[PDB]
Amino acid sequence: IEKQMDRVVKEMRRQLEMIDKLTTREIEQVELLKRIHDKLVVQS
Amino acid sequence: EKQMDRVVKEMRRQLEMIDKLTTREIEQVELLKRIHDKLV
Amino acid sequence: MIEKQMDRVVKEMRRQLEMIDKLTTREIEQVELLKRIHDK
Amino acid sequence: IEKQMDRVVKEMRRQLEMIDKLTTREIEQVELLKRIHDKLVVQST
Ligand code: NI
Ligand code: NI
């Protein structure tokens, strides 16, 4: 019972880290896209 | 000239494609944050 | 999700993002050149 | 008659210009709402 809980808890913590890394990387990609967008807005 | 006007029109179309890309990426981030909050 | 599958998709988007930056940079340069020649 | 049609068409063109002005404002309103929405998302992470 304790061993099952630690397996589930360890799996959740791994998914929280992967979710954190994917959201961080997508936010940076969005920021980059917005900079390109703003360069296009002015230059057009 | 016509070549300059064509490229300006292409840039405006690309602004629309970038907007769709940022909207989808932002919405994916919102979902991921909602999933994450289920657990914390 | 698996970390290797997530890194594959993210790195591919980053590569496509760099191509969008280079292509829009070239498009900005084209408008600048066309205006400079036309302005003479 | 041709003169009646010219009056009607000129009036229709005036209404199309009002749609143009409304669309210009709608462009800004949609852009502002999207920028605010996206900033709220990013800040909340
Ligand atoms: Ni987290
Ligand atoms: Ni939203």
# chains A, B, ... in the order shown; residues from 1 in each chain; ligands from 1
>>> closest_atom_pairs(of="chain D", to="ligand 2", cutoff="10 Å", atoms="only C-alpha atoms and all ligand atoms", output="JSON lines")
{"residue": "D:34", "atom": "CA", "partner": "ligand 2", "partner_atom_place_in_ligand_line": "1 (Ni)", "distance": 8.9}
{"residue": "D:37", "atom": "CA", "partner": "ligand 2", "partner_atom_place_in_ligand_line": "1 (Ni)", "distance": 6.4}
{"residue": "D:38", "atom": "CA", "partner": "ligand 2", "partner_atom_place_in_ligand_line": "1 (Ni)", "distance": 7.5}
{"residue": "D:40", "atom": "CA", "partner": "ligand 2", "partner_atom_place_in_ligand_line": "1 (Ni)", "distance": 9.0}
{"residue": "D:41", "atom": "CA", "partner": "ligand 2", "partner_atom_place_in_ligand_line": "1 (Ni)", "distance": 7.4}
>>> write_last_selection(atoms="N, CA and C atoms", output="short mmCIF file (atom, residue, chain, number, x, y, z; two decimals), in the first residue's frame")
data_model
loop_
_atom_site.label_atom_id
_atom_site.label_comp_id
_atom_site.auth_asym_id
_atom_site.auth_seq_id
_atom_site.Cartn_x
_atom_site.Cartn_y
_atom_site.Cartn_z
N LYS D 34 -6.73 40.00 -27.30
CA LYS D 34 -5.82 38.86 -27.41
C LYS D 34 -4.51 39.12 -26.66
N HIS D 37 -5.35 38.80 -22.98
CA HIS D 37 -5.55 37.38 -22.67
C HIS D 37 -4.22 36.64 -22.61
N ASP D 38 -3.35 36.88 -23.59
CA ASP D 38 -2.09 36.15 -23.64
C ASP D 38 -1.15 36.57 -22.52
N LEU D 40 -2.20 37.64 -19.51
CA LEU D 40 -2.73 36.98 -18.32
C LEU D 40 -2.29 35.53 -18.24
N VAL D 41 -2.26 34.83 -19.38
CA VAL D 41 -1.83 33.44 -19.39
C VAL D 41 -0.37 33.33 -18.99
#
>>> residues_around(residues="residue 25 in chain C", least_positions_apart="3", cutoff="9 Å", atoms="only C-alpha atoms", output="list in words")
residues 36, 39 and 40 of chain A; 20, 21, 22, 28, 29 and 30 of chain C
>>> write_last_selection(atoms="N, CA, C and O atoms", output="PDB file, in the first residue's frame")
ATOM      1  N   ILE A  36       8.660  38.619 -33.562  1.00  0.00           N
ATOM      2  CA  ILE A  36       8.619  38.603 -35.021  1.00  0.00           C
ATOM      3  C   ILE A  36       7.368  39.310 -35.503  1.00  0.00           C
ATOM      4  O   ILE A  36       7.408  40.145 -36.415  1.00  0.00           O
ATOM      5  N   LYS A  39       7.825  43.003 -35.315  1.00  0.00           N
ATOM      6  CA  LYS A  39       8.698  43.514 -36.367  1.00  0.00           C
ATOM      7  C   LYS A  39       7.947  43.608 -37.683  1.00  0.00           C
ATOM      8  O   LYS A  39       8.110  44.576 -38.434  1.00  0.00           O
ATOM      9  N   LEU A  40       7.108  42.614 -37.971  1.00  0.00           N
ATOM     10  CA  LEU A  40       6.315  42.650 -39.193  1.00  0.00           C
ATOM     11  C   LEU A  40       5.295  43.779 -39.168  1.00  0.00           C
ATOM     12  O   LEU A  40       5.007  44.378 -40.209  1.00  0.00           O
TER      13      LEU A  40
ATOM     14  N   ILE C  20      11.108  30.856 -39.582  1.00  0.00           N
ATOM     15  CA  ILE C  20      10.179  31.977 -39.693  1.00  0.00           C
ATOM     16  C   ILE C  20      10.905  33.295 -39.440  1.00  0.00           C
ATOM     17  O   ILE C  20      10.662  34.299 -40.124  1.00  0.00           O
ATOM     18  N   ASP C  21      11.811  33.312 -38.463  1.00  0.00           N
ATOM     19  CA  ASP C  21      12.585  34.523 -38.202  1.00  0.00           C
ATOM     20  C   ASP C  21      13.448  34.907 -39.401  1.00  0.00           C
ATOM     21  O   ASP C  21      13.492  36.079 -39.796  1.00  0.00           O
ATOM     22  N   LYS C  22      14.120  33.930 -40.013  1.00  0.00           N
ATOM     23  CA  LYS C  22      14.978  34.233 -41.151  1.00  0.00           C
ATOM     24  C   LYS C  22      14.167  34.668 -42.364  1.00  0.00           C
ATOM     25  O   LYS C  22      14.567  35.581 -43.095  1.00  0.00           O
ATOM     26  N   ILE C  28      11.503  41.688 -44.689  1.00  0.00           N
ATOM     27  CA  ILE C  28      11.711  43.075 -44.290  1.00  0.00           C
ATOM     28  C   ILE C  28      12.785  43.707 -45.163  1.00  0.00           C
ATOM     29  O   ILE C  28      12.634  44.836 -45.648  1.00  0.00           O
ATOM     30  N   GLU C  29      13.863  42.964 -45.420  1.00  0.00           N
ATOM     31  CA  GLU C  29      14.937  43.477 -46.262  1.00  0.00           C
ATOM     32  C   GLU C  29      14.450  43.760 -47.677  1.00  0.00           C
ATOM     33  O   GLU C  29      14.879  44.735 -48.304  1.00  0.00           O
ATOM     34  N   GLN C  30      13.554  42.921 -48.201  1.00  0.00           N
ATOM     35  CA  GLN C  30      13.044  43.140 -49.554  1.00  0.00           C
ATOM     36  C   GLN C  30      12.245  44.437 -49.652  1.00  0.00           C
ATOM     37  O   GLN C  30      12.388  45.193 -50.622  1.00  0.00           O
TER      38      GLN C  30
END
>>> atom_distance(atom1="CA of residue 1 in chain B", atom2="CA of residue 35 in chain C")
8.7 Å
>>> residues_near_ligand(ligand="ligand 1", cutoff="10 Å", atoms="only C-alpha atoms and all ligand atoms", output="list in words")
residues 13, 15, 16, 17, 18, 19, 20, 21 and 23 of chain A; 33, 36, 37, 39 and 40 of chain B; 45 of chain D
>>> interface_residues(of="chain C", to="chain B", cutoff="12 Å", atoms="only C-alpha atoms", output="PDB file with N, CA, C and O atoms, in the first residue's frame")
ATOM      1  N   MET C   1       3.354  11.810 -20.484  1.00  0.00           N
ATOM      2  CA  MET C   1       4.206  11.980 -21.653  1.00  0.00           C
ATOM      3  C   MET C   1       5.600  11.444 -21.362  1.00  0.00           C
ATOM      4  O   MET C   1       5.980  11.261 -20.205  1.00  0.00           O
ATOM      5  N   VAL C  10       9.387  19.842 -29.267  1.00  0.00           N
ATOM      6  CA  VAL C  10       9.795  21.201 -28.923  1.00  0.00           C
ATOM      7  C   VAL C  10      10.973  21.652 -29.777  1.00  0.00           C
ATOM      8  O   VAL C  10      10.976  22.767 -30.314  1.00  0.00           O
ATOM      9  N   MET C  13       9.790  22.464 -33.268  1.00  0.00           N
ATOM     10  CA  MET C  13       9.151  23.773 -33.352  1.00  0.00           C
ATOM     11  C   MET C  13      10.175  24.890 -33.292  1.00  0.00           C
ATOM     12  O   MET C  13      10.029  25.907 -33.976  1.00  0.00           O
ATOM     13  N   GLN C  16      11.573  25.321 -36.715  1.00  0.00           N
ATOM     14  CA  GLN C  16      10.660  25.995 -37.623  1.00  0.00           C
ATOM     15  C   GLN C  16      10.535  27.465 -37.258  1.00  0.00           C
ATOM     16  O   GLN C  16      10.414  28.320 -38.143  1.00  0.00           O
ATOM     17  N   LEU C  17      10.605  27.772 -35.963  1.00  0.00           N
ATOM     18  CA  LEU C  17      10.560  29.155 -35.503  1.00  0.00           C
ATOM     19  C   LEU C  17      11.753  29.960 -36.019  1.00  0.00           C
ATOM     20  O   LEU C  17      11.603  31.116 -36.436  1.00  0.00           O
ATOM     21  N   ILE C  20      11.108  30.856 -39.582  1.00  0.00           N
ATOM     22  CA  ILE C  20      10.179  31.977 -39.693  1.00  0.00           C
ATOM     23  C   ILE C  20      10.905  33.295 -39.440  1.00  0.00           C
ATOM     24  O   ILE C  20      10.662  34.299 -40.124  1.00  0.00           O
ATOM     25  N   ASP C  21      11.811  33.312 -38.463  1.00  0.00           N
ATOM     26  CA  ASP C  21      12.585  34.523 -38.202  1.00  0.00           C
ATOM     27  C   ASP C  21      13.448  34.907 -39.401  1.00  0.00           C
ATOM     28  O   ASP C  21      13.492  36.079 -39.796  1.00  0.00           O
ATOM     29  N   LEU C  23      13.018  34.040 -42.587  1.00  0.00           N
ATOM     30  CA  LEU C  23      12.206  34.401 -43.740  1.00  0.00           C
ATOM     31  C   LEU C  23      11.588  35.788 -43.586  1.00  0.00           C
ATOM     32  O   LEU C  23      11.518  36.551 -44.557  1.00  0.00           O
ATOM     33  N   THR C  24      11.101  36.126 -42.387  1.00  0.00           N
ATOM     34  CA  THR C  24      10.535  37.459 -42.192  1.00  0.00           C
ATOM     35  C   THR C  24      11.624  38.525 -42.247  1.00  0.00           C
ATOM     36  O   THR C  24      11.366  39.646 -42.690  1.00  0.00           O
ATOM     37  N   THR C  25      12.826  38.206 -41.762  1.00  0.00           N
ATOM     38  CA  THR C  25      13.954  39.127 -41.886  1.00  0.00           C
ATOM     39  C   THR C  25      14.248  39.419 -43.359  1.00  0.00           C
ATOM     40  O   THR C  25      14.462  40.573 -43.746  1.00  0.00           O
ATOM     41  N   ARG C  26      14.222  38.384 -44.204  1.00  0.00           N
ATOM     42  CA  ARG C  26      14.455  38.588 -45.633  1.00  0.00           C
ATOM     43  C   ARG C  26      13.330  39.400 -46.257  1.00  0.00           C
ATOM     44  O   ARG C  26      13.565  40.215 -47.153  1.00  0.00           O
ATOM     45  N   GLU C  27      12.107  39.189 -45.794  1.00  0.00           N
ATOM     46  CA  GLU C  27      10.974  39.937 -46.308  1.00  0.00           C
ATOM     47  C   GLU C  27      11.059  41.405 -45.914  1.00  0.00           C
ATOM     48  O   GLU C  27      10.735  42.288 -46.716  1.00  0.00           O
ATOM     49  N   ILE C  28      11.503  41.688 -44.689  1.00  0.00           N
ATOM     50  CA  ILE C  28      11.711  43.075 -44.290  1.00  0.00           C
ATOM     51  C   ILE C  28      12.785  43.707 -45.163  1.00  0.00           C
ATOM     52  O   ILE C  28      12.634  44.836 -45.648  1.00  0.00           O
ATOM     53  N   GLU C  29      13.863  42.964 -45.420  1.00  0.00           N
ATOM     54  CA  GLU C  29      14.937  43.477 -46.262  1.00  0.00           C
ATOM     55  C   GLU C  29      14.450  43.760 -47.677  1.00  0.00           C
ATOM     56  O   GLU C  29      14.879  44.735 -48.304  1.00  0.00           O
ATOM     57  N   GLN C  30      13.554  42.921 -48.201  1.00  0.00           N
ATOM     58  CA  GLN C  30      13.044  43.140 -49.554  1.00  0.00           C
ATOM     59  C   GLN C  30      12.245  44.437 -49.652  1.00  0.00           C
ATOM     60  O   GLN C  30      12.388  45.193 -50.622  1.00  0.00           O
ATOM     61  N   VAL C  31      11.427  44.731 -48.639  1.00  0.00           N
ATOM     62  CA  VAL C  31      10.651  45.965 -48.654  1.00  0.00           C
ATOM     63  C   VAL C  31      11.578  47.167 -48.585  1.00  0.00           C
ATOM     64  O   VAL C  31      11.395  48.149 -49.315  1.00  0.00           O
ATOM     65  N   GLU C  32      12.607  47.092 -47.735  1.00  0.00           N
ATOM     66  CA  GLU C  32      13.576  48.179 -47.621  1.00  0.00           C
ATOM     67  C   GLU C  32      14.299  48.428 -48.941  1.00  0.00           C
ATOM     68  O   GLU C  32      14.452  49.580 -49.364  1.00  0.00           O
ATOM     69  N   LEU C  33      14.743  47.360 -49.609  1.00  0.00           N
ATOM     70  CA  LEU C  33      15.413  47.508 -50.898  1.00  0.00           C
ATOM     71  C   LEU C  33      14.488  48.104 -51.946  1.00  0.00           C
ATOM     72  O   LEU C  33      14.885  49.004 -52.695  1.00  0.00           O
ATOM     73  N   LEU C  34      13.259  47.592 -52.040  1.00  0.00           N
ATOM     74  CA  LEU C  34      12.334  48.099 -53.049  1.00  0.00           C
ATOM     75  C   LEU C  34      12.068  49.584 -52.858  1.00  0.00           C
ATOM     76  O   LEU C  34      12.022  50.343 -53.834  1.00  0.00           O
ATOM     77  N   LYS C  35      11.921  50.024 -51.609  1.00  0.00           N
ATOM     78  CA  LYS C  35      11.673  51.438 -51.348  1.00  0.00           C
ATOM     79  C   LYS C  35      12.898  52.289 -51.653  1.00  0.00           C
ATOM     80  O   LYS C  35      12.776  53.385 -52.211  1.00  0.00           O
ATOM     81  N   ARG C  36      14.090  51.784 -51.333  1.00  0.00           N
ATOM     82  CA  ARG C  36      15.306  52.542 -51.594  1.00  0.00           C
ATOM     83  C   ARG C  36      15.536  52.737 -53.087  1.00  0.00           C
ATOM     84  O   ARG C  36      15.919  53.829 -53.522  1.00  0.00           O
ATOM     85  N   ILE C  37      15.325  51.692 -53.888  1.00  0.00           N
ATOM     86  CA  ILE C  37      15.479  51.829 -55.335  1.00  0.00           C
ATOM     87  C   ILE C  37      14.411  52.749 -55.907  1.00  0.00           C
ATOM     88  O   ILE C  37      14.706  53.667 -56.686  1.00  0.00           O
ATOM     89  N   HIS C  38      13.148  52.500 -55.542  1.00  0.00           N
ATOM     90  CA  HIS C  38      12.064  53.359 -56.012  1.00  0.00           C
ATOM     91  C   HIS C  38      12.282  54.819 -55.613  1.00  0.00           C
ATOM     92  O   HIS C  38      12.057  55.718 -56.435  1.00  0.00           O
ATOM     93  N   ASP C  39      12.718  55.083 -54.367  1.00  0.00           N
ATOM     94  CA  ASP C  39      12.938  56.464 -53.933  1.00  0.00           C
ATOM     95  C   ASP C  39      14.076  57.109 -54.704  1.00  0.00           C
ATOM     96  O   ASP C  39      14.133  58.343 -54.812  1.00  0.00           O
TER      97      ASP C  39
END
>>> atom_distance(atom1="CA of residue 37 in chain A", atom2="CA of residue 15 in chain B")
6.0 Å
>>> closest_atom_pairs(of="chain B", to="chain D", cutoff="12 Å", atoms="only C-alpha atoms", output="Markdown table")
| residue | atom | partner | partner_atom | distance |
| --- | --- | --- | --- | --- |
| B:15 | CA | D:31 | CA | 11.5 |
| B:16 | CA | D:31 | CA | 11.1 |
| B:19 | CA | D:34 | CA | 9.1 |
| B:20 | CA | D:34 | CA | 10.8 |
| B:22 | CA | D:38 | CA | 8.6 |
| B:23 | CA | D:38 | CA | 7.9 |
| B:24 | CA | D:38 | CA | 10.6 |
| B:25 | CA | D:38 | CA | 9.8 |
| B:26 | CA | D:38 | CA | 6.4 |
| B:27 | CA | D:41 | CA | 8.5 |
| B:28 | CA | D:41 | CA | 10.4 |
| B:29 | CA | D:41 | CA | 7.7 |
| B:30 | CA | D:41 | CA | 6.5 |
| B:31 | CA | D:41 | CA | 10.3 |
| B:32 | CA | D:45 | CA | 10.2 |
| B:33 | CA | D:45 | CA | 7.3 |
| B:34 | CA | D:45 | CA | 10.4 |
| B:36 | CA | D:45 | CA | 10.5 |
| B:37 | CA | D:45 | CA | 10.6 |
